[PDB]
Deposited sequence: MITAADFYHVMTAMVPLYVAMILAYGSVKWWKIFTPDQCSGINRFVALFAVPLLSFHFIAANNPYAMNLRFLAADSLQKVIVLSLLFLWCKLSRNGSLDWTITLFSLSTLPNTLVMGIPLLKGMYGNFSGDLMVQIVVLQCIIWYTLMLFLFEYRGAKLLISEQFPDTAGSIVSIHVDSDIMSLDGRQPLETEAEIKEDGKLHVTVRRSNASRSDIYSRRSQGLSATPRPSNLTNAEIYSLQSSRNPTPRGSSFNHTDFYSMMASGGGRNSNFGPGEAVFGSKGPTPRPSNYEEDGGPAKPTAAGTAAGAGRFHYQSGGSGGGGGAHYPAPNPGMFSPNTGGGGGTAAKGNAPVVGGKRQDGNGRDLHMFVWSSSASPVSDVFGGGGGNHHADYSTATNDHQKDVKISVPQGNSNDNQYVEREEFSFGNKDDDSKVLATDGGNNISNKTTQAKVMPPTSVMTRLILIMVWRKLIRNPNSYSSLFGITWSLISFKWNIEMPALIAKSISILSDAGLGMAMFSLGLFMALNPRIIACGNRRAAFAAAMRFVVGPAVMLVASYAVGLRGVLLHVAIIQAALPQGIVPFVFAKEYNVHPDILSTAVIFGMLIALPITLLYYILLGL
């Protein structure tokens, strides 16, 4: 059972997020302040300056030598039980595809832990669960959103060879992509070219246009393009320098000086109120809140709020979590959909309606669902 004052600490940490979100839904839908080109300049700022400094602020204050490794294995066994059953679904059943393996992995295992999970669980359970949610944000940024980037690059590099080398691709020796090309999925004309050698060998060169390969060829092609999406990504620099500093700042006690700890904190203090303002600007620019259909908005919000936590009840118990760490682990799994899984689905067109329903409609029912777990778990 919960006390009525502990319900006030949740509202103290969550109602400020929805105030910032309805003021931005109002300033576009209702009172017409922002032009949709002006409105896309605030999303630009948040995606590059505010969230990479908000995620730096949390990761650099983490202690990487005192991470709860029993709690941390229950979150990384959710994402193996899910990802094994998807691997044993696309290979067995003939209707399974790789476009749904990426969608069902985002919809069921990757929540919004950074902007709404750290403020939410800090009010519900205290300062330790706001320290455990930082440890998940470290592992999503550095492992699970950099695996999911391999699954989009593999999805792009498999279409281009099935469309253009349908009967010859068994003889490709190397694939060189020109350095101009960043995404080879449905965006650029991509004049590819092959080089027939003296014995059936084949050198492929993907170029920019104007007017089954061996696994040693594809896994050289994927790692090139993953590297070109990883150094242009602003949250890799937030995650590299955040982990590099906290491995130094917590062994030799080197406290970061107040020139630099305040130069970062002048834009990172913007980051949490600007993320919710940017998220409410996005749900106003879309024509419908439920966009994917009503039979798929009940599917996007059953993978998230039911299949999400019910696979961390078979994983958080097999690891050995009990008490409050079981209750923190289930409630963090029922958080709404993270936005970085949508940002990949917008770029690659792997169901951008289901992953925009689940972000937008997930936020609106996020609070009365996680409060429903917070009542049922304590009883």
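Residues of the deposited sequence lacking C-alpha coordinates, numbered from 1, fall in the single stretch 212 to 454.
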